[PDB]
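Beneath this line is the structure, given in structure tokens, with notes to follow.
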Amino acid sequence: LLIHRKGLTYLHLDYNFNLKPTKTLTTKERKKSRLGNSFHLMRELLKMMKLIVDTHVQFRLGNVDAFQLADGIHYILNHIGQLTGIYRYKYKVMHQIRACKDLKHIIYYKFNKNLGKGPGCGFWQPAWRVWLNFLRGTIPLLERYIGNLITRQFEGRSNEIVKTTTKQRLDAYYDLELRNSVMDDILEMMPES
Amino acid sequence: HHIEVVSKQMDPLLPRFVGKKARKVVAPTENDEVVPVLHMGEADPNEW
Amino acid sequence: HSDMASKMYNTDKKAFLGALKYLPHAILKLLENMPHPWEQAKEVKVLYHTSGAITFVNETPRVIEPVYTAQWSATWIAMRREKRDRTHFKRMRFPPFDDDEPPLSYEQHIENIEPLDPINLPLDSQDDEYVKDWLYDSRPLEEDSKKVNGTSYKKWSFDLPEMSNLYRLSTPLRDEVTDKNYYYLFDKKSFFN
Amino acid sequence: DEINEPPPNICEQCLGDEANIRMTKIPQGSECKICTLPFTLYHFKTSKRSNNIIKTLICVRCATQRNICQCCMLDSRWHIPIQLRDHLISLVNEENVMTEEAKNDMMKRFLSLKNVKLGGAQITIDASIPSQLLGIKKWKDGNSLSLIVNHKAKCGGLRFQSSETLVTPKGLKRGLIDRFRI
Amino acid sequence: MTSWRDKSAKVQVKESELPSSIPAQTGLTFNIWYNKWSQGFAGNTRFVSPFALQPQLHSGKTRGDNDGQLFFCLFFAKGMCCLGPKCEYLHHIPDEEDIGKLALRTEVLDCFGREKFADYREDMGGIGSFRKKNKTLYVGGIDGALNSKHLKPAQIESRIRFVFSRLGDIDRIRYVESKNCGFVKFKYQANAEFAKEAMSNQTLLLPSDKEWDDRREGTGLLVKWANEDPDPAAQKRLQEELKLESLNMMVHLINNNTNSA
RNA sequence: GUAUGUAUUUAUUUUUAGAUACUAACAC
RNA sequence: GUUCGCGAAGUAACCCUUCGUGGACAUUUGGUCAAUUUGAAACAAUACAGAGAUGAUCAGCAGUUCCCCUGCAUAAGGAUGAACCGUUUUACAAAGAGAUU
RNA sequence: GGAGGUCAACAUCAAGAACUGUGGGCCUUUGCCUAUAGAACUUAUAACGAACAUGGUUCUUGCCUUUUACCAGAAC
Ligand SMILES: O=P(O)(O)O[C@H]1[C@H](OP(=O)(O)O)[C@@H](OP(=O)(O)O)[C@H](OP(=O)(O)O)[C@@H](OP(=O)(O)O)[C@H]1OP(=O)(O)O
Ligand SMILES: [Mg+2]
Ligand SMILES: [Mg+2]
Ligand SMILES: [Mg+2]
Ligand SMILES: [Mg+2]
Ligand SMILES: [Mg+2]
Ligand SMILES: [Zn+2]
Ligand SMILES: [Zn+2]
Ligand SMILES: [Zn+2]
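Below, the structure is given as structure tokens:
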């Protein structure tokens, strides 16, 4: 609903939350259709959820197994780097992944002692704790962003928009204050007209 | 008829303030009275 | 609301975009309630929007800490036995479903199909006689006057022999180091310094 | 503050015979039907159980300027359409007092903000040659009616019925040319 | 009375029969938020109504009557209403009494309970203004009759008269031969609204004549709100009417004003 | 391997050779 | 419909059932919104046009506006975002010389 | 009346190692001195959480065309 409401019907979402154009786009389309970190971040995030919820589904369908499940969500929570692409829209998340890899190694050695190199595993407590706390982090952040995205979507963007001085536009402002300051003086020296 | 005035609890999801929408407006300047502006060259231009 | 094209949805559509702001919270509350391996199906309290706008999982999982560590370590041992046991351990493919297959409706496929046994462990009849019964319950002790507060499930209280069994089971995850003095330059204050 | 503080303006008519009434106040409701700016909205129901619901349409300003009722949009005193009261007033004097209104947008959006108080406000088978509601009404009470046709450009046309038409022949002609059509 | 008052209203259309939403393929892909089509623009989308009403046949009592609602079902005016006697709104053609009940609230909003707008509309569209009481409908797109050419304009005139004639008390009607338009004028604002919503997108001639069974391919006739009348005659007629009515309400003003003292 | 801009009204409102040339997402 | 109770009848021996009646318990939901053409999303396609400073090719920052778009944004982009690139007469006098009344 | 509730509202939870009420004396209510009663929860390898996330401003760096997104330390 947010995609179509923006007027873009040519971006298709699949059911794994990958967002692809269904068409070749004119330039004006590519400009209209660049979506921010709000949307995309939240897309990646749901994609993670959907992924896990699916693994449990295939367990209840009988299609899988007991242990293959636990190994499954372990594999997810460790490999989020590779399975998602959330790391694009907040690069900070790279901390968690590093954490979630380290645990992996620590976990494997105790687990893997005396037996095997294979995939068998499935102690997912620590990684789950990590992702979960990261998710504590961005609740307020996404509430803020998507709040602005949608309030801007109903109510239009602000008309005032004052814009601060920064590295780029500084010299221009310096010029401007100066020419004004000279106007004042040279107007107040003159006798009248 | 008197009256009793009562607020309605909004559906938290729906926009509160259904009609708040950024729009720009030109206001008139309504001048009721005039403020008298009350103050107290020849060769000068050749200087200035 | 799956199919909505009518005009009667004009508020519900507005209602959806609003909820877009609260989603990541719903993802948290959902994902912290994951059912854990030994449980087959959790059952939760959701709080939903009357127009089907969004569904929150309203609960927070509470677990007796010694019991929880016992449970999770039992599963640990079962994992190791199972990795040693069977020759071909088959890691399920990711993502579980293909992009074009709509997510299958729970009220049809899944709900009829029977849960297919979880991890658990053989335990022992003689040694664990105290904790054999309730160890794998969803919430371990709900109705007990003595063993726990109530269904509100806070403030656990136990007996000695139980704690002896839980203490026994949890050996692979237990701290194991019995003196302070072992950490000499490894405590916090030595790291800060 | 600015929007709330002026209280609503409601007629006594549309507000109903109930002694005490419960009305809802929404701090940003629809924009005016007129100025197109937000304001504060008021529900109410005449009856407690009446199904129908009353919703103030215009601003307080856009009302006060025109001195009308927010639910009715009739004159606050005389209960008259705005396009009338200024015609009555215009009858006294000669030609004036028409309320000139605001096309475009920020013409109107502008205009509502001035304190002017407005022009209006300040004072306050038988073929028959030589409307259709009157003919059908008169011929309706004296007999059987089926259809009428009149072409006012030709000033004459049919009147068709399903004996009773001869009962009509008592009063029909010259009241009016009426004969028996072909 | 014998016709309408006693006989309870009869369901026009079974709910399964009602048209689907999602009008057909005006564009490449469907759009969920607005209900329209996406890319490209198909030939302009307008179509004759598969439905119509039958004033004496369908109309009958409903729940609003007992509940004393003021406003009329438009799905009845389109004869598309699927709620039958269960409907919340009145099913029958407006009379003078009921307009008598609406009279206070007819100012801001139409007989169907929809707020009027201020400016009319660029093309003189759906609902009118609350500035100006306009009782005159413009009938256009007379090719709602499809391509059949007729022996005279008395075909068009006669047929229209028999169409709108049912819907309410007609003050006058003029078809124009040169430019294809009818101008129809009623006693009451209410009947004008009701008739406008009733006859928009409709067909003509007999339940069966000639091409009748192909009627559904037609465009359907515009019924819009009508502008003023430029000729001097009717302009006099309006000016006078306004005069005498102003005079009539001055009586009220002086009666209650006399009561004011 | 040009942004960008303008227009896209269909349904009927009352009275004989070539030199100097310009340019070419076409060839280092 | 539950319960307290009264009366009548019947079984009964103050109990079981039926009937009638008194009292208590319980007490005003929902809508700013009706279901496709006639109360309003822009894109795309087609035709024409064809990117600031310059002799010429190219970086750019701003500034004014009843133009805004993408963006979480008080970063930054949108051709240096666009529009601008045009029309242009009186606070009016002083002096001198010639023609007409 | 007792037990409870993945019920709600209102209080309170980081400080002179620290709370409140009351009796008496001095100054002139505050405040100081003296007498007396009761102090739930949280604190000493310091704290409501035996757990652990993010954002803003300001400095210092690190990547290094520029902005988001960032590197890793500090203070608020
Ligand atoms: O780096 P490697 O020497 O190949 O180690 C691999 C590798 O672990 P890391 O990539 O984290 O170092 C595998 O992971 P990926 O190749 O998928 O990245 C992992 O397999 P899983 O991903 O299934 O855990 C595997 O585990 P195992 O130890 O069971 O072989 C592990 O092996 P080693 O760490 O023993 O080499
Ligand atoms: Mg810029
Ligand atoms: Mg350039
Ligand atoms: Mg650029
Ligand atoms: Mg610019
Ligand atoms: Mg730049
Ligand atoms: Zn207004
Ligand atoms: Zn009123
Ligand atoms: Zn109906």
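Here the protein sequences come in this chain order: A, B, C, D and E. The letter at position 137 of the first sequence is residue 145 when you use our numbering, and the numbering goes up by one with no holes. The letter at position 13 of the second sequence is residue 57 when you use our numbering, and the numbering goes up by one with no holes. The letter at position 81 of the third sequence is residue 146 when you use our numbering, and the numbering goes up by one with no holes. The letter at position 163 of the fourth sequence is residue 172 when you use our numbering, and the numbering goes up by one with no holes. The letter at position 87 of the fifth sequence is residue 89 when you use our numbering, and the numbering goes up by one with no holes. Built from N, CA and C at the ideal position, the CB exists for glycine as well.
- DSSP places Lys94(C) in the uninterrupted alpha helix (DSSP H) bounded by 88 to 96.
- When 7 Å is used as the limit between beta carbons, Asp76(B) is near no residue of chain C, the shortest such separation being about 44 Å.
- 7 Å or more divides the Cβ of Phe77(E) from the Cβ of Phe114(E).
- Around the Cβ of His103(A), a 10 Å sphere holds fewer than 16 other Cβ atoms; the residue is exposed.
- At a cut-off of 7 Å between C-beta atoms, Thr31(E) counts as an interface residue with respect to chain A.
- For ligand 9, no non-hydrogen atom lies closer than 6 Å to the CB of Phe53(E).
- Against chain B, the CB of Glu163(A) has a partner CB under 7 Å away; the residue lies at that interface.
- Residue contact check for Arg156(C) against chain A: a CB pair falls below 7 Å.
- Residue state for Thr76(C) is assigned as helix, using DSSP reduced to three classes.
- Per DSSP, the continuous alpha helix (DSSP H) segment holding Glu195(E) begins and ends at 191 to 201.
- When only Cα atoms are considered, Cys20(D) and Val110(E) end up about 14 Å apart.
- Sequence-distant partners of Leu206(E) (beyond 5 residues in either direction) whose C-beta falls short of 7 Å from its own C-beta, in its chain, are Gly146, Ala147, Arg161.
- Within the DSSP bridge table, the entry for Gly70(A) names no partner.
- Chain-ordered, the residues whose CB falls short of 6 Å from any heavy atom of ligand 9 come out as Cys75(E), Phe77(E), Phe78(E), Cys83(E), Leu85(E), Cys89(E), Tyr91(E), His93(E).
- Runs of the alpha helix (DSSP H) spanning 4 or more residues and lying entirely within the region 109 to 174 of chain D occur at 115 to 120, 141 to 150, in chain order.
- With a contact defined as Cβ atoms closer than 8 Å, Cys44(D) and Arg94(D) miss out at about 20 Å.
- Across the structure, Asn46(E) and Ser180(E) are spaced so that their CA atoms are roughly 26 Å apart.
- For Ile154(A), the nearest beta carbon of chain C is closer than 7 Å to its own beta carbon.
- Per DSSP, the continuous beta strand (DSSP E) segment holding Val122(C) begins and ends at 120 to 122.
- By the CB criterion at 7 Å, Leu206(C) and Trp199(C) fall inside the cutoff.
- Membership of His20(A) in any alpha helix (DSSP H) is not indicated; the residue belongs instead to the beta strand (DSSP E) covering 19 to 21.
- Distance from the CA atom of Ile144(E) to the CA atom of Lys42(D), rounded to whole angstroms, is 34 Å.
- Interface with chain B (7 Å Cβ-Cβ cutoff): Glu40(D) is included.
- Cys80(D) and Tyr140(E) have their C-alpha atoms some 30 Å from each other.
- Within the DSSP secondary-structure output, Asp187(D) pairs in a beta bridge with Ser137(D).
- Counting along the chain, no alpha helix (DSSP H) covers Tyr177(E); the unbroken beta strand (DSSP E) around it starts and ends at 172 to 178.
- At least 7 Å separates the CB of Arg38(A) from every CB of chain E.
- In the three-state reduction of the DSSP assignment, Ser167(E) falls in the helix class, which pools H, G and I.
- Straight-line spacing of the CA atoms in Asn246(C) and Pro161(C) works out to 50 Å.
- Within the region 13 to 99 of chain A, the complete beta strand (DSSP E) segments of 3 residues or longer fall at 19 to 21, 27 to 29, listed in chain order.
- For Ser10(E), the pairing in a beta bridge is given by DSSP as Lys63(E).
- In its chain, beyond the 5 residues on either side, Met126, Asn136, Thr138, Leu139, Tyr140, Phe185 have a beta carbon closer than 8 Å to the beta carbon of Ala228(E).
- Contact between the region 81 to 100 of chain E and the region 6 to 19 of chain E is established, with three or more Cβ pairs separated by less than 8 Å.
- Between the alpha carbons of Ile172(E) and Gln53(B) lies a distance of about 48 Å.
- For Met32(D), the enclosing beta strand (DSSP E) starts and ends at 31 to 35.
- For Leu224(E), the enclosing beta strand (DSSP E) covers residues 224 to 227.
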